[PDB]
Amino acid sequence: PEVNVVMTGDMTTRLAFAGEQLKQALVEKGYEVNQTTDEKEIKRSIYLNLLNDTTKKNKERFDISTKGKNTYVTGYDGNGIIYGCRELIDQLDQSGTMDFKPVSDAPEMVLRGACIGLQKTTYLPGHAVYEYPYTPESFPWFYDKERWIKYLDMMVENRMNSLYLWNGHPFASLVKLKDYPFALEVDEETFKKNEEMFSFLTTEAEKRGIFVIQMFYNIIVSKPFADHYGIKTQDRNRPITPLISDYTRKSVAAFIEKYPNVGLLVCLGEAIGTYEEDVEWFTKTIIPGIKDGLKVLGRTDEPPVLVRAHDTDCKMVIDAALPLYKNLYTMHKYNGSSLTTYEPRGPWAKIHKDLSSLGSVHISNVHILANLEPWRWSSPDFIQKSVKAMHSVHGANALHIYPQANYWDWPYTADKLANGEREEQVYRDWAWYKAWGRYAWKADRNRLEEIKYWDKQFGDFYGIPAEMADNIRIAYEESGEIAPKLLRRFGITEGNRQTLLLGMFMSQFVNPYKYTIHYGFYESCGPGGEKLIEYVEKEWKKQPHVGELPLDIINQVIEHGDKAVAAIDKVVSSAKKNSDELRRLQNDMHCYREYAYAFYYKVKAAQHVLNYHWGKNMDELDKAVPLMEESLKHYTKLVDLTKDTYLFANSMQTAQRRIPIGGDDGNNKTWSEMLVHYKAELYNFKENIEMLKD
Ligand SMILES: O=C(O)[C@H]1O[C@@H](O)[C@H](O)[C@@H](O)[C@H]1O
Ligand SMILES: O=C(O)[C@H]1O[C@H](O)[C@H](O)[C@@H](O)[C@H]1O
Ligand SMILES: [Cl-]
Ligand code: NA
């Protein structure tokens, strides 16, 4: 049939994009589309009306009404019209028809976005941590315009309005300083490509209602700057110097001037020695450079500057900066560098609440996902309860998500495909982005309706009836509890210093404090409860148990694993689309189940070892041995499941990875390597037992 798309109001880039998305989606569903503004032609019509203003009240709001063959979309701003068209397109995909239900809606969280890291699995030669110039050699994908469009369209589809680029020192790839011409860290040809890609990225983001934000760490200078002056690129023990202050102030002023719509996300770390130096750097170097740039542009607005809480005293920094610059946003990790709970609490919740209490935008950062690497994860139930806690426990009104896994190896997942081919994170992790977007838009959605929604999404992706597709949801929601529960109850850290899914040594259960556990982790990252060492000590001292108990958690986790496997195994014979991906999701569920069993058996071994330390009964060490053997049988099966299907587990392939073992020079990033260590663990344990009897 013939359909009119009628764009009224002053034509803006976002109204044009909205109308073109609607046109393209109508044509895909087989309609003929007339784009017209003529009363004489305007037969079946959709009117896109963009309103002028309406202030914070109506930010990103749309109204859809229908009277028979006519549909009216009112967008309160450019994002609103884009989201109104999204609502129609979502309805057109779910039905197959232009029978539209009226909707009036607007997002709960005011910034909803994801990050890409201009980062790699290992350091570049001559460079320290986080230091990567923007070059085609390091980041060929950064220069791929077709890849950017696919990424930005995924962000619009999930109603995300913010994209963050993470880099240690981006300025020396992006701006030239006449006072420090030698500082530039890329050749002229690459400098011109970087300018073009920034102009492309900001233009394509802008028409999609996406705020581009450049993240930078401090204090870091370019390699050629450092070599010119005979100094280090970065040194936490190096105090603020006038020279480095001037370079950085001018770098920041140049960036503001050259890329006037790009936000800044400031980390006052990890190369600043003290909180007083954090404040001094932010208030006397960065803010003056931002003000310098705005003054060059003749701008009297204060666009938002975003400040991380990470490695600083965020409240102390904001309290000092607010007199100089009013428009400050905060950001703080949701569960440190992992995803552990939808019941956060404790001292880290109090940092959230104190930043939330400034009455600005406080951004929850779902950061790094150390405990999820590298297997598929995207539990609608877990993500919904987490966003609810972001509101109810943290007072966050905004969301920043990392990639679900494999942050340091963008744009690919850790999957090993048959071809030598790499799997795209955008393709694999579609439900991660979709779920975070969905709940950031609206957290309180009826759970029975959400089950129907997700059953249909999974069913459509795999060409399975919604009813059969319920097994895909169950696999995600059962498997999704495993890495969060095990890390919070037995982890050394929520940091990427640990790679949970490579497993743990029995010693890390028996003597966890040897491996350095920081205050705040156990106190913040889930329900109150007992470590295995605490549980066993209380058993011997006949003290009552309180909270989340470790033997309860390993029991729940093996049930999660078995239920995930049972669910996903029911659908593989049925999938008519994306079958090869379904086979990889099936394999990931078998990985989680073998992982859970290996973990279960090793914790039970550790309990016997702790019983020996308290009571000195040798029978306890004899009981531990067959449990460590069953642990190794499950871990051996996990190696067989990962051998042909994963490149590695941790994407941060450096000596900063300590748990379960050192990751120096990219070693011990595979289950195969860890099986060598765990065999030796068993042989060494049996030797210790023989020595103690003799
Ligand atoms: O490795 C670790 O344990 C630590 O890493 C630090 O960067 C972080 O600020 C801590 O919360 C902790 O996760
Ligand atoms: O928050 C941050 O920037 C950092 O936090 C931890 O130190 C983590 O090990 C780093 O890899 C980085 O993610
Ligand atoms: Cl943060
Ligand atoms: Na700091």
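Counting begins at 1 with the first residue of the sequence. We use all heavy atoms of the structure for the numbers below, so side chains are in, but hydrogens, waters and symmetry mates are not. Counting starts at 1 for both ligands and their atoms, following the listed order.
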What residues, two or more places apart in sequence or in another chain, satisfy side-chain contact (heavy atoms from CB on, under 4.5 Å) together with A271?
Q234
Are there more than 12 heavy atoms of other residues, nucleotides or ligands under 6.0 Å from atom NZ of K388?
yes
Quick note on ligand 1: atoms under 4.0 Å from a heavy atom of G495 include exactly 13 (O)
Out of curiosity, is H310 lining ligand 1, as in a heavy atom under 4.0 Å away?
yes
I'd like to know: is the Na ion (ligand 4) within the 3.0 Å range of an N/O/S atom from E270, strictly under that distance?
no
Which atom, among the N/O/S set of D311, is closest to the Na ion (ligand 4)?
O
Is the centre of the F509 ring less than 6.0 Å from the centre of the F599 ring?
yes
Which of parallel (below 30°), tilted (30 to 60°) and perpendicular (above 60°) describes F198 and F142?
tilted
Within 45° cone and under 6.0 Å: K531 NZ/CZ vs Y522 ring:
yes
Distance to the ring centre below 6.0 angstrom and angle to the axis at most 45 degrees; does that hold for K602 and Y678?
yes
Identity and separation of the nearest protein heavy atom to atom 2 (C) of ligand 1:
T493 OG1, 3.4 Å
Short N or O distance, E494 and ligand 1, threshold 3.5 Å exclusive
yes
Is atom 12 (C) of ligand 1 less than 4.0 angstrom from some protein heavy atom?
yes
Taking 3.0 Å as the cut-off, does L268 contribute an N, O or S atom near the Na ion (ligand 4), distance below it?
yes
Nearest protein heavy-atom contact for atom 1 (O) of ligand 1: which residue, which atom, what distance?
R497 NE, 3.1 Å
Look at the aromatic rings of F171 and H169 and report parallel, tilted or perpendicular, splitting at 30° and 60°.
perpendicular
For atom 4 (C) of ligand 1, which candidate among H367, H518, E270 holds the nearest heavy atom?
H518
